[PDB]
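Q: Here it is: the structure, laid out below.
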Amino acid sequence: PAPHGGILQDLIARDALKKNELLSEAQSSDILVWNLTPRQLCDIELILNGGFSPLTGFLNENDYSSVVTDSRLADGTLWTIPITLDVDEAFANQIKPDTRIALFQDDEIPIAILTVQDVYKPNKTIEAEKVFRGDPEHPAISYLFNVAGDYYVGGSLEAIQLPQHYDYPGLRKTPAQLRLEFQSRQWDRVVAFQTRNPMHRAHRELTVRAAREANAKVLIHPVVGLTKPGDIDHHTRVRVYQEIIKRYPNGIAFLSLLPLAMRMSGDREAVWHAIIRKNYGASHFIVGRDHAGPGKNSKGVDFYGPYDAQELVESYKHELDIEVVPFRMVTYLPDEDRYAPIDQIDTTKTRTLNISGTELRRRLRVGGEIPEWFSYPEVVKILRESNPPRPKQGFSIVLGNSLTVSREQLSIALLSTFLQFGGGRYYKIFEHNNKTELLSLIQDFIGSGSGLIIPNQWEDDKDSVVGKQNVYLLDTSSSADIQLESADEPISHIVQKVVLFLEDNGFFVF
Amino acid sequence: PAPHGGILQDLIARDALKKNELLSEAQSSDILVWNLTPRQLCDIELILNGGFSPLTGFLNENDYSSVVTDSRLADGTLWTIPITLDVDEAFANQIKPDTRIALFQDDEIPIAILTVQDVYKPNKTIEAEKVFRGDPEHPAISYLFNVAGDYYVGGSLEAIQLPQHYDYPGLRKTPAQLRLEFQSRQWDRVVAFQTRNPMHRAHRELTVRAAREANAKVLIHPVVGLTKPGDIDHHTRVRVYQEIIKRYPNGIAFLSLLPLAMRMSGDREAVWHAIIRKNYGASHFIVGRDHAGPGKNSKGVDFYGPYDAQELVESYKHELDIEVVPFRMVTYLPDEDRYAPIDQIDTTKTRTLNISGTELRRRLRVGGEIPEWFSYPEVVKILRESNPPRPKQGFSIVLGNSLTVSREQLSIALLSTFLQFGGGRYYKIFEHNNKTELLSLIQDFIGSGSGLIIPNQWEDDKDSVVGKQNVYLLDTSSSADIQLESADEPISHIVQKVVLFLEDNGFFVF
Amino acid sequence: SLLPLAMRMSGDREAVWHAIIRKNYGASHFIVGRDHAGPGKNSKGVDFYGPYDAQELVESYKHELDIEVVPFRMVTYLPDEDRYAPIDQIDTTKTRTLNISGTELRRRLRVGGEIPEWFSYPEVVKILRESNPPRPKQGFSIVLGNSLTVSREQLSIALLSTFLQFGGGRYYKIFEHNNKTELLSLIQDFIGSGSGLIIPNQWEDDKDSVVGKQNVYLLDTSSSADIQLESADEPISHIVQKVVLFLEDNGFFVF
Ligand SMILES: Nc1ncnc2c1ncn2[C@@H]1O[C@H](COP(=O)(O)OP(=O)(O)O)[C@@H](O)[C@H]1O
Ligand SMILES: Nc1ncnc2c1ncn2[C@@H]1O[C@H](COP(=O)(O)OP(=O)(O)O)[C@@H](O)[C@H]1O
Ligand SMILES: Nc1ncnc2c1ncn2[C@@H]1O[C@H](COP(=O)(O)OP(=O)(O)O)[C@@H](O)[C@H]1O
Ligand SMILES: [Ca+2]
Ligand SMILES: [Ca+2]
Ligand SMILES: [Ca+2]
Ligand SMILES: [Ca+2]
Ligand SMILES: [Ca+2]
Ligand SMILES: [Ca+2]
Ligand SMILES: [Ca+2]
Ligand SMILES: [Ca+2]
Ligand SMILES: [Mg+2]
Ligand SMILES: [Mg+2]
Ligand SMILES: [Mg+2]
Ligand SMILES: [Mg+2]
Ligand SMILES: [Mg+2]
Ligand code: NA
Ligand code: NA
Ligand code: NA
Ligand code: NA
Ligand code: NA
Ligand code: NA
Ligand code: NA
Ligand code: NA
Ligand code: NA
Ligand code: NA
Ligand code: NA
Ligand code: NA
Ligand code: NA
Ligand code: NA
Ligand code: NA
Ligand code: NA
């Protein structure tokens, strides 16, 4: 179909003969400069290549406002997710309309020149409530208040180059490129599948049913920009994707990475995804159970209904101009050894089985087996590889402040004890001396699979610097992970408590 | 047999009723204090428990001198290795005979009180030449000039407690304890086997032949103090030992760890080992090929003859008072599938096979297979565990100073590139800013299996702080590990050069 | 078809006989390969019959036998071509051959050694191993020599308790024969059953014939003892180690 708005806004192509000129300007000693944030680098790349057609810059207050209260741009164009350039009060104060800002990446690569139209201070509460449904735990809302700048700068863009990427160099197809790919193959019907997790049997089966139902070729269009905090990294996922694609019949599917920054905005996001995919050249778009949803909040309540996205997309049907292929929960059928949409089976006279993400996360962490029927073995291998079971995980033991025994001696005792177990983990007594340059390394080591023995706590003001994962506190405090009987407890006693704690949590296996 | 000199000098036992008193003195605000070095902690523990009988303190100039030129103590007692308390000029200058020094461990645990007899400044060249054969590459000589203090403090000792150890708590038997062990079992003939490497098939067979020839039980008495730089760590070895001991027939062998600090002093060391083992209660002592030798120097010449130790031990035969069980190179016989002393086979009409240490080190580093006939599979598994093949090893890439491209961008490019390979390694751009507190972590990460991308070199004055292993230099310099064509070489070009280099070196396997 | 014939191992004469027998049984052709019906070599290593004496004798009686003889030259293995063939059809010069002799096979079976996939079929080898078990599965007997001066009762118990701790499936017993042949004749039944027997003392020479010498070892100071003691009064623990290591050296024990 035609790109949203009718015109593919590939500004890289549009501004080709301006490149050298824009470049010089971007590099002048007088232009105002803003180094894009991660999500901003994600958004700007989708703007500059026509992925966000009709957009051609970041939303001004007029367009922004309409998107928030209307799910439409000011001119009425269907558009549900606001794409804005969020800056701080400091930077904002130097901006005036007509001003031109050079937007850099990594403070080194000139990306584009923004021509300021306005500078407004959005009401984050409204955006939170109206666009993301107001639950404070919602990924988009937390980002909105905890990461996003408080001032939005609207304005038109002029492309210099798309953000730089040194990984998966040829796989990040642009709308024009993809469109050219489908064309060289004479693909006039393509059903796109969005995804931010690894693909298992259910997915392969669901995408193939789609391909069969729609009579169209398959485009595995995974998101490699920004997803949900805690998701599997995209590298591991690309591997999973490249492997699973080999399970489809020869010549039926194409893999292209989308550098989109998700919002986990359930239904609104689905509408947005469809618009994006249309721009990229797709004729059909899959929308399954809880599309783009962030699951449930800590209270166990749903951020979105399992089919809210499908319903919203359906209501915008005659406007989207891209065919939606909706799916009901695709589950496993033991007795027939096959998958199928839940709406096609009698959940009464047929048994179903389902390993949820939580359940999978758990198996991977315990080294548990994952059913041959659940996912393909190569996929699971890749997953285990970057999401190792406890006996391969790193950790850190912190000698609480309440501790009254010799910290030096207790440290050594823990070190020498861990050492005898053997098994391949690296251990170290890590003294941070409250130096954040050190505190920031604690997780790098845990991430490397190492066991760190930390002689003492760090200032509360520095706590943010440290990644709490696999970081256990040894103290008499009720809120200690490994609680001591008393601050003066004999070392050997403490050592056993710690060993048994770590062994009870899978770090040690004898 | 009786301990050397006739009296077991278990000073812990001797000074039992002085402990509280010595303790108080050691902790007085007026006594001179010296924190023992690693080798000194190894030596003092062998002195305090009677392992170095007849010694009861560190050698004074008279005794030291005799050992160096006579291989005997001043009184004529056969003794080949000098055991001295080496301190620096600063400390030495505060010492006077009759002075009492409190010797601590980790600046916290009071070990003993030394009563100074003298303070002399040895001629390290004579000791080097006369005791260790003068080759500068010799482990004991290098230590002598590079680590040992320049002033020796002779004097008698008074025990407070043996150095503290939190690992393998019950396995470090003292001479008295071991003697009691052998006794409770009614072992009146025990052949001891010294070792600082892992034990393979040859070892098991040779120690069993010894047990059969000598009609004695087997004592696997491994060194866990200090050995040769580069040796397998003692923890990995203790595991190897505890595993291999299960291959001997039920009730024939005993394992006890010896906290001795080796000198790699070939023949002199063998004589010493025999004296030590006798003190510990052994009736027989094995002395095989190149006993306690450090191999060859970089020039490929032998530090000691393959049987120099056997010959020296043989010349001191009637003095040692402990039976020596000599062995000729024990090798493998393919066709008969068995091991045997080289002196018992016709190297003419029978074929032999031998995987040397170098060869083994190599296989372990490439992930190569180790013959079922060479070592036991569990042993090899443990070895692989702590001596992982390249695809599991950590490394560091250093952006040379000559580099002219963007260091930030090249770093990110290398990061993103390594990331796509997947496979379990952790990567990080590590900025040290010449801070030694950071430089000193480079090897901790390499040791943890991580790949570090270092944006720039460090001051030459700080070079010592970093462990050179798996640390590669990317530069135009002729002496660069990964040599660049030119300082301005395009990033993608550099990235490929680095990738292929790492892949050529086993770090990456596709 | 099974032939209840009692062989004579009479090489060439026997081959002629076999042909006559097979003809009676209805055969039209009879194979006569290398060293047909020969008993190998005597202890001195000399051949009882030439490798082809049988073929030659059969050939001389050719027109009388009235049954066709199909002679074969040593059929051997060819590694590089992975196939068998008569030695007379290959150039033992430009082609390499391999051969696992009976002795060699007997040996592998006794040590639990592997037998090449190319030598025999795996099911065959399994069946062979089953009834010709490797040493760690074999039975044996230790005999406390007459020269022994230590307590026979105590040494017996010591050996019993020691073997017991090794575990692994073998059955052990102190077997007193009291020179009764009805008992001596059971020694091999037990060895044959895989058991380890500890025999407190020797048996009269007149009864020696009654016992099957296989896997029966003599512990004594005598020069002709299988496990030689240093002295008749050697302490028990010392003797026990000597015996254990002897048995382990002979594959009976594997740790
Ligand atoms: N079991 C399932 N049944 C139907 N649809 C599914 C199922 N699992 C995943 N999907 C759909 O696959 C697509 C991508 O899956 P996933 O990455 O987990 O979520 P997201 O929608 O956040 O990208 C979504 O449209 C989702 O609704
Ligand atoms: N293949 C061998 N043949 C003969 N003796 C050997 C062999 N391997 C090891 N040994 C002997 O085993 C003992 C311990 O071996 P090792 O740990 O390698 O050396 P070290 O003497 O430095 O502890 C030494 O007496 C050594 O000479
Ligand atoms: N490798 C061989 N090459 C040629 N002939 C063989 C070979 N092996 C066995 N034969 C022949 O197979 C027949 C039966 O073999 P075998 O049972 O070992 O001997 P026997 O003649 O005593 O029954 C004999 O004719 C023998 O010569
Ligand atoms: Ca704010
Ligand atoms: Ca729900
Ligand atoms: Ca207390
Ligand atoms: Ca010096
Ligand atoms: Ca040599
Ligand atoms: Ca140039
Ligand atoms: Ca012959
Ligand atoms: Ca006697
Ligand atoms: Mg990009
Ligand atoms: Mg989902
Ligand atoms: Mg100690
Ligand atoms: Mg050696
Ligand atoms: Mg035959
Ligand atoms: Na249309
Ligand atoms: Na910079
Ligand atoms: Na509100
Ligand atoms: Na349709
Ligand atoms: Na709903
Ligand atoms: Na538990
Ligand atoms: Na003596
Ligand atoms: Na201290
Ligand atoms: Na020599
Ligand atoms: Na003597
Ligand atoms: Na002797
Ligand atoms: Na090479
Ligand atoms: Na003949
Ligand atoms: Na006839
Ligand atoms: Na014929
Ligand atoms: Na032997």
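Just so we're on the same page: first chain in the structure tokens is A, next is B, and so on; residues restart at 1 for each chain, and ligands are numbered from 1 in the order they show up.
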Check which residues fall inside 12 Å of ligand 7 when counting only C-alpha atoms and all ligand atoms, and print them as an MDAnalysis selection string.

A: chainID B and resid 86:89 121:125 141:152

Q: Within 7 Å of chain C, which residues belong to chain B? Use only C-alpha atoms and report them as a PyMOL selection string.

A: chain B and resi 212+215+247-250

Q: How would the residues just chosen look if you wrote them out with N, CA, C and O atoms as a short mmCIF file (atom, residue, chain, number, x, y, z; two decimals), in the first residue's frame?

A:
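Result file is again14.cif:
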data_model
loop_
_atom_site.label_atom_id
_atom_site.label_comp_id
_atom_site.auth_asym_id
_atom_site.auth_seq_id
_atom_site.Cartn_x
_atom_site.Cartn_y
_atom_site.Cartn_z
N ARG B 212 54.00 -50.89 45.64
CA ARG B 212 54.21 -52.32 45.45
C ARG B 212 55.67 -52.69 45.67
O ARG B 212 55.99 -53.67 46.34
N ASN B 215 56.45 -51.96 49.33
CA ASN B 215 55.59 -52.67 50.27
C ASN B 215 55.14 -51.66 51.30
O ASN B 215 55.25 -51.90 52.51
N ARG B 247 40.94 -43.57 42.36
CA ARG B 247 41.32 -44.58 41.37
C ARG B 247 42.28 -45.61 41.95
O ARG B 247 42.64 -46.58 41.29
N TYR B 248 42.70 -45.39 43.19
CA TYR B 248 43.59 -46.31 43.87
C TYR B 248 42.72 -47.32 44.59
O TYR B 248 41.55 -47.05 44.87
N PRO B 249 43.26 -48.52 44.88
CA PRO B 249 42.44 -49.51 45.58
C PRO B 249 42.09 -49.04 47.00
O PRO B 249 42.91 -48.43 47.67
N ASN B 250 40.87 -49.33 47.42
CA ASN B 250 40.36 -48.95 48.74
C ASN B 250 41.34 -49.22 49.87
O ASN B 250 41.78 -50.35 50.06
#

Q: Find the spatial neighbours of residue 252 of chain C, counting only C-alpha atoms, within a cut-off of 6 Å - ignore same-chain residues fewer than 4 positions away - and output them as a PyMOL selection string.

A: chain C and resi 135-136+247-248

Q: Among the residues of segment 173-213 of chain C, find those DSSP assigns to helix (DSSP H, G or I) from the backbone and print them as number ranges by chain.

A: C: 181-184, 187-192, 205-210

Q: Write the residues you've just listed into a file as a compact mmCIF listing (two decimals), in the first residue's frame, and include N, CA, C and O atoms for each of them.

A:
# COMPACT_ATOMS: atom_id res chain seq x y z
N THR C 181 38.10 -84.48 47.80
CA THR C 181 37.96 -84.24 46.37
C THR C 181 36.57 -83.75 45.99
O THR C 181 36.41 -83.01 45.01
N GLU C 182 35.56 -84.16 46.74
CA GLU C 182 34.22 -83.70 46.43
C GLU C 182 34.16 -82.18 46.56
O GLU C 182 33.27 -81.54 46.03
N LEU C 183 35.12 -81.62 47.28
CA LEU C 183 35.16 -80.18 47.44
C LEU C 183 36.17 -79.57 46.46
O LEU C 183 35.88 -78.58 45.79
N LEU C 184 37.34 -80.19 46.36
CA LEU C 184 38.37 -79.73 45.45
C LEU C 184 37.82 -79.58 44.04
O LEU C 184 38.22 -78.68 43.30
N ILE C 187 36.16 -76.11 43.22
CA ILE C 187 36.97 -74.90 43.09
C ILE C 187 36.80 -74.20 41.73
O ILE C 187 36.61 -72.98 41.67
N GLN C 188 36.83 -74.97 40.65
CA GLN C 188 36.67 -74.38 39.33
C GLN C 188 35.24 -74.00 38.98
O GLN C 188 35.03 -73.15 38.11
N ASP C 189 34.27 -74.62 39.65
CA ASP C 189 32.87 -74.29 39.41
C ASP C 189 32.65 -72.87 39.89
O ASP C 189 31.96 -72.08 39.24
N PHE C 190 33.25 -72.55 41.04
CA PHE C 190 33.16 -71.21 41.63
C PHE C 190 33.92 -70.19 40.79
O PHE C 190 33.44 -69.09 40.56
N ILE C 191 35.13 -70.56 40.36
CA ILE C 191 35.94 -69.67 39.54
C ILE C 191 35.14 -69.42 38.27
O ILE C 191 35.05 -68.29 37.78
N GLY C 192 34.53 -70.49 37.77
CA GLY C 192 33.72 -70.40 36.57
C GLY C 192 32.49 -69.53 36.75
O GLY C 192 31.99 -68.96 35.80
N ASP C 205 49.29 -83.54 47.04
CA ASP C 205 49.68 -83.60 45.63
C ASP C 205 48.88 -84.66 44.89
O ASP C 205 48.55 -84.49 43.71
N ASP C 206 48.54 -85.75 45.58
CA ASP C 206 47.77 -86.82 44.96
C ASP C 206 46.39 -86.35 44.47
O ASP C 206 45.82 -86.93 43.55
N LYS C 207 45.89 -85.28 45.07
CA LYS C 207 44.58 -84.73 44.70
C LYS C 207 44.68 -83.58 43.68
O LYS C 207 43.67 -83.15 43.12
N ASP C 208 45.89 -83.09 43.44
CA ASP C 208 46.10 -81.97 42.51
C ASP C 208 45.37 -82.07 41.17
O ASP C 208 44.87 -81.08 40.65
N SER C 209 45.33 -83.27 40.61
CA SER C 209 44.66 -83.48 39.33
C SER C 209 43.20 -83.03 39.38
O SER C 209 42.68 -82.46 38.43
N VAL C 210 42.55 -83.28 40.51
CA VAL C 210 41.14 -82.94 40.72
C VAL C 210 40.79 -81.46 40.51
O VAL C 210 39.65 -81.13 40.20

Q: List every residue of chain A that has an atom at most 7 Å from any atom of chain B, giving for each one its closest atom pair and the distance in Å to one decimal, counting only C-alpha atoms, sorted by chain and then by ascending residue number, as a Markdown table.

A:
| residue | atom | partner | partner_atom | distance |
| --- | --- | --- | --- | --- |
| A:166 | CA | B:413 | CA | 5.2 |
| A:167 | CA | B:417 | CA | 5.2 |
| A:235 | CA | B:420 | CA | 5.3 |
| A:236 | CA | B:422 | CA | 6.5 |
| A:385 | CA | B:424 | CA | 5.3 |
| A:386 | CA | B:424 | CA | 5.3 |
| A:413 | CA | B:166 | CA | 5.1 |
| A:416 | CA | B:167 | CA | 5.1 |
| A:417 | CA | B:167 | CA | 5.3 |
| A:419 | CA | B:235 | CA | 6.4 |
| A:420 | CA | B:235 | CA | 5.5 |
| A:422 | CA | B:236 | CA | 6.6 |
| A:423 | CA | B:385 | CA | 5.8 |
| A:424 | CA | B:385 | CA | 5.1 |
| A:426 | CA | B:448 | CA | 5.3 |
| A:447 | CA | B:426 | CA | 6.7 |
| A:448 | CA | B:426 | CA | 5.3 |
| A:449 | CA | B:448 | CA | 6.8 |
| A:450 | CA | B:448 | CA | 6.0 |

Q: Atom CA of residue 34 of chain C and atom CA of residue 92 of chain C, how far apart in Å?

A: 16.9 Å

Q: Which polymer residues have any atom within 12 Å of an atom of residue 315 of chain A, counting only C-alpha atoms, with same-chain residues fewer than 6 positions away left out, as a count of residues only?

A: 7

Q: Near residue 137 of chain C, counting only C-alpha atoms, which residues have an atom at most 9 Å away, once you skip same-chain residues fewer than 4 positions from it, shown as a tab-separated table (two decimals) with N, CA, C and O atoms, in the first residue's frame?

A:
chain	number	residue	atom	x	y	z
C	133	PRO	N	34.27	-63.55	29.65
C	133	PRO	CA	34.36	-62.27	30.34
C	133	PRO	C	35.76	-61.74	30.60
C	133	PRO	O	36.71	-62.50	30.73
C	168	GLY	N	31.68	-54.17	43.44
C	168	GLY	CA	31.76	-54.46	42.02
C	168	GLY	C	31.05	-55.72	41.54
C	168	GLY	O	31.11	-56.04	40.35
C	169	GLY	N	30.42	-56.46	42.45
C	169	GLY	CA	29.71	-57.65	42.00
C	169	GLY	C	30.27	-59.05	42.15
C	169	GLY	O	29.53	-60.01	41.94
C	170	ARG	N	31.55	-59.21	42.50
C	170	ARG	CA	32.10	-60.55	42.67
C	170	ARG	C	31.71	-61.14	44.03
C	170	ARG	O	31.55	-60.42	45.01
C	194	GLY	N	32.51	-66.89	38.49
C	194	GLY	CA	33.02	-65.54	38.68
C	194	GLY	C	33.46	-65.17	40.09
C	194	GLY	O	33.89	-64.04	40.35
C	195	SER	N	33.40	-66.15	40.98
C	195	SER	CA	33.73	-65.95	42.37
C	195	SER	C	35.22	-65.94	42.76
C	195	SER	O	36.07	-66.53	42.08
C	251	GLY	N	44.21	-57.51	36.24
C	251	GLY	CA	42.87	-57.18	35.79
C	251	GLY	C	41.68	-57.62	36.60
C	251	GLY	O	40.55	-57.27	36.24
C	252	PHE	N	41.89	-58.36	37.69
C	252	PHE	CA	40.77	-58.82	38.50
C	252	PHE	C	40.09	-57.67	39.23
C	252	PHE	O	38.88	-57.70	39.44
C	253	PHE	N	40.89	-56.67	39.60
C	253	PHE	CA	40.40	-55.49	40.29
C	253	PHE	C	40.69	-54.29	39.43
C	253	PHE	O	41.77	-54.19	38.85

Q: Show me which residues line ligand 26, defined as having an atom within 9 Å of a ligand atom where only C-alpha atoms and all ligand atoms count, and present them as a CSV table (one decimal) with N, CA and C atoms, in the first residue's frame.

A:
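Produced file out35.csv, reproduced below:
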chain,number,residue,atom,x,y,z
B,1,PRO,N,60.5,-42.9,60.2
B,1,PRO,CA,61.8,-42.7,60.8
B,1,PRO,C,61.8,-41.5,61.7
B,2,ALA,N,62.8,-41.3,62.5
B,2,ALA,CA,62.9,-40.1,63.4
B,2,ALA,C,62.9,-38.8,62.6
B,318,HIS,N,72.8,-42.6,53.0
B,318,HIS,CA,73.0,-43.0,54.3
B,318,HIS,C,72.8,-42.0,55.4
B,319,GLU,N,72.5,-40.8,55.0
B,319,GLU,CA,72.3,-39.7,55.9
B,319,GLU,C,70.8,-39.3,56.0
B,320,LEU,N,70.1,-39.4,54.9
B,320,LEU,CA,68.7,-39.0,54.8
B,320,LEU,C,67.8,-39.8,55.8
B,321,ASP,N,68.2,-41.0,56.0
B,321,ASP,CA,67.4,-41.8,57.0
B,321,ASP,C,65.9,-42.0,56.5
B,322,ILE,N,65.7,-41.9,55.3
B,322,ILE,CA,64.4,-42.2,54.7
B,322,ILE,C,64.7,-42.8,53.3

Q: So that I can check the surroundings of residue 218 of chain C, please list as a list in words every protein, DNA and RNA residue that reaches within 9 Å of it, counting only C-alpha atoms and ignoring chain neighbours fewer than 5 positions away.

A: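 Within the cut-off, the hits are residues 141, 142, 143, 144, 145, 202, 224, 225, 226, 227 and 228 of chain C.
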
Q: Got time to write the residues from that selection, C-alpha atoms, as a JSON list (two decimals), in the first residue's frame?

A:
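In the end it all went to result_8.json:
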[["chain", "number", "residue", "atom", "x", "y", "z"],
["C", 141, "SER", "CA", 41.35, -68.40, 43.86],
["C", 142, "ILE", "CA", 44.12, -67.42, 46.28],
["C", 143, "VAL", "CA", 45.84, -70.32, 48.03],
["C", 144, "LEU", "CA", 47.65, -69.79, 51.35],
["C", 145, "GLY", "CA", 50.85, -71.71, 50.69],
["C", 202, "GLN", "CA", 47.08, -76.40, 49.99],
["C", 224, "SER", "CA", 57.45, -71.14, 42.30],
["C", 225, "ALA", "CA", 54.62, -69.18, 43.96],
["C", 226, "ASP", "CA", 52.41, -66.90, 41.89],
["C", 227, "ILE", "CA", 52.42, -64.27, 44.62],
["C", 228, "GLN", "CA", 55.75, -64.68, 46.36]]

Q: Would you kindly return, as a VMD selection string, each protein, DNA or RNA residue with an atom no farther than 7 Å from any atom of residue 148 of chain C, considering only C-alpha atoms and excluding same-chain residues fewer than 6 positions away?

A: chain C and resid 220 232 to 233

Q: Run DSSP on the backbone and give me the residues of segment 146-213 of chain C it puts in strand (DSSP E), as a list in words.

A: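 DSSP-assigned strand (DSSP E) residues in segment 146-213 of chain C: residues 172, 173, 174, 196, 197, 198 and 199 of chain C.
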
Q: Give me, as a tab-separated table (two decimals) with N, CA, C and O atoms, in the first residue's frame, the set of residues whose atoms come within 12 Å of any atom of ligand 25, counting only C-alpha atoms and all ligand atoms.

A:
chain	number	residue	atom	x	y	z
B	133	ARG	N	72.07	-22.54	41.17
B	133	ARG	CA	72.82	-22.69	39.92
B	133	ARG	C	72.95	-21.45	39.03
B	133	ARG	O	73.24	-21.57	37.85
B	266	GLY	N	65.59	-28.07	41.86
B	266	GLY	CA	65.94	-29.40	41.41
B	266	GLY	C	66.54	-30.33	42.44
B	266	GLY	O	65.87	-30.68	43.42
B	267	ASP	N	67.79	-30.73	42.23
B	267	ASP	CA	68.44	-31.67	43.16
B	267	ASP	C	68.51	-31.23	44.63
B	267	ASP	O	68.20	-32.03	45.52
B	290	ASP	N	63.47	-35.38	36.64
B	290	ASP	CA	63.55	-33.94	36.84
B	290	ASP	C	62.80	-33.46	38.08
B	290	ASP	O	62.10	-32.45	38.05
B	293	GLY	N	62.42	-29.70	39.29
B	293	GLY	CA	63.08	-28.86	38.31
B	293	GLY	C	62.13	-27.92	37.59
B	293	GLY	O	60.95	-28.23	37.40
B	301	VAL	N	67.88	-24.76	27.26
B	301	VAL	CA	68.83	-25.56	28.02
B	301	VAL	C	68.25	-25.90	29.39
B	301	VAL	O	67.52	-25.11	29.98
B	302	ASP	N	68.55	-27.11	29.87
B	302	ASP	CA	68.08	-27.61	31.16
B	302	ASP	C	68.61	-26.91	32.41
B	302	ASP	O	69.82	-26.65	32.53
B	303	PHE	N	67.72	-26.61	33.36
B	303	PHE	CA	68.16	-25.99	34.62
B	303	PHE	C	68.90	-27.07	35.43
B	303	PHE	O	69.91	-26.79	36.08
B	304	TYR	N	68.38	-28.30	35.36
B	304	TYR	CA	68.95	-29.46	36.03
B	304	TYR	C	68.86	-30.66	35.10
B	304	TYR	O	67.98	-30.71	34.24
B	305	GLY	N	69.75	-31.63	35.27
B	305	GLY	CA	69.71	-32.82	34.44
B	305	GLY	C	68.48	-33.61	34.83
B	305	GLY	O	68.03	-33.52	35.98
B	306	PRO	N	67.90	-34.39	33.91
B	306	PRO	CA	66.70	-35.17	34.25
B	306	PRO	C	66.84	-36.09	35.47
B	306	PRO	O	65.84	-36.56	36.00
B	307	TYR	N	68.07	-36.35	35.91
B	307	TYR	CA	68.27	-37.21	37.05
B	307	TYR	C	69.28	-36.70	38.07
B	307	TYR	O	69.80	-37.45	38.89
B	308	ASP	N	69.54	-35.39	38.02
B	308	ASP	CA	70.47	-34.79	38.96
B	308	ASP	C	69.96	-34.98	40.38
B	308	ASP	O	70.74	-35.26	41.29
B	309	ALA	N	68.66	-34.82	40.57
B	309	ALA	CA	68.05	-34.96	41.88
B	309	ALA	C	68.23	-36.37	42.42
B	309	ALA	O	68.58	-36.57	43.59
B	310	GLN	N	67.98	-37.35	41.57
B	310	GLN	CA	68.13	-38.72	41.99
B	310	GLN	C	69.57	-38.96	42.45
B	310	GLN	O	69.80	-39.56	43.50
B	311	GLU	N	70.53	-38.48	41.67
B	311	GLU	CA	71.93	-38.68	42.00
B	311	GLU	C	72.36	-38.01	43.29
B	311	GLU	O	73.10	-38.61	44.07
B	312	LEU	N	71.90	-36.78	43.52
B	312	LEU	CA	72.26	-36.07	44.74
B	312	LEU	C	71.67	-36.78	45.95
B	312	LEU	O	72.33	-36.95	46.98

Q: Kindly work out which residues sit at most 12 Å from ligand 9, using only C-alpha atoms and all ligand atoms, and give the list as an MDAnalysis selection string.

A: chainID B and resid 403:405 484:490

Q: Output C-alpha atoms of each residue in that selection to a file, as a PDB file, in the first residue's frame.

A:
ATOM      1  CA  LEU B 403      45.567   5.519  16.259  1.00  0.00           C
ATOM      2  CA  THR B 404      44.146   8.571  14.518  1.00  0.00           C
ATOM      3  CA  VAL B 405      40.510   7.509  14.004  1.00  0.00           C
ATOM      4  CA  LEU B 484      47.154  -1.328  11.399  1.00  0.00           C
ATOM      5  CA  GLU B 485      48.003  -0.288   7.861  1.00  0.00           C
ATOM      6  CA  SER B 486      47.820   3.380   8.794  1.00  0.00           C
ATOM      7  CA  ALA B 487      46.674   5.420  11.774  1.00  0.00           C
ATOM      8  CA  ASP B 488      43.790   6.772   9.649  1.00  0.00           C
ATOM      9  CA  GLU B 489      42.566   3.348   8.480  1.00  0.00           C
ATOM     10  CA  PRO B 490      38.743   3.343   8.149  1.00  0.00           C
TER      11      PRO B 490
END

Q: Within 8 Å of ligand 10, which residues show up when you count only C-alpha atoms and all ligand atoms? List them as a ChimeraX atom specification, please.

A: /C:46-47,50-51

Q: What separation in Å, quoted to one decimal, exists between atom CA of residue 62 of chain C and atom CA of residue 13 of chain C?

A: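 According to the coordinates, atom CA of residue 62 of chain C and atom CA of residue 13 of chain C are separated by 13.4 Å.
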
Q: What do you get as a PyMOL selection string if you pick all residues at most 10 Å from ligand 19, counting only C-alpha atoms and all ligand atoms?

A: chain A and resi 125-130+134

Q: Produce a file of the selected residues containing C-alpha atoms, as a short mmCIF file (atom, residue, chain, number, x, y, z; two decimals), in the first residue's frame.

A:
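Writing the result to again.cif gives the following:
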data_model
loop_
_atom_site.label_atom_id
_atom_site.label_comp_id
_atom_site.auth_asym_id
_atom_site.auth_seq_id
_atom_site.Cartn_x
_atom_site.Cartn_y
_atom_site.Cartn_z
CA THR A 125 0.21 13.60 33.58
CA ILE A 126 -2.19 14.02 30.67
CA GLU A 127 0.13 12.22 28.25
CA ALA A 128 0.50 9.49 30.84
CA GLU A 129 -3.24 9.10 31.36
CA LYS A 130 -4.50 9.71 27.79
CA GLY A 134 -1.98 6.31 33.50
#
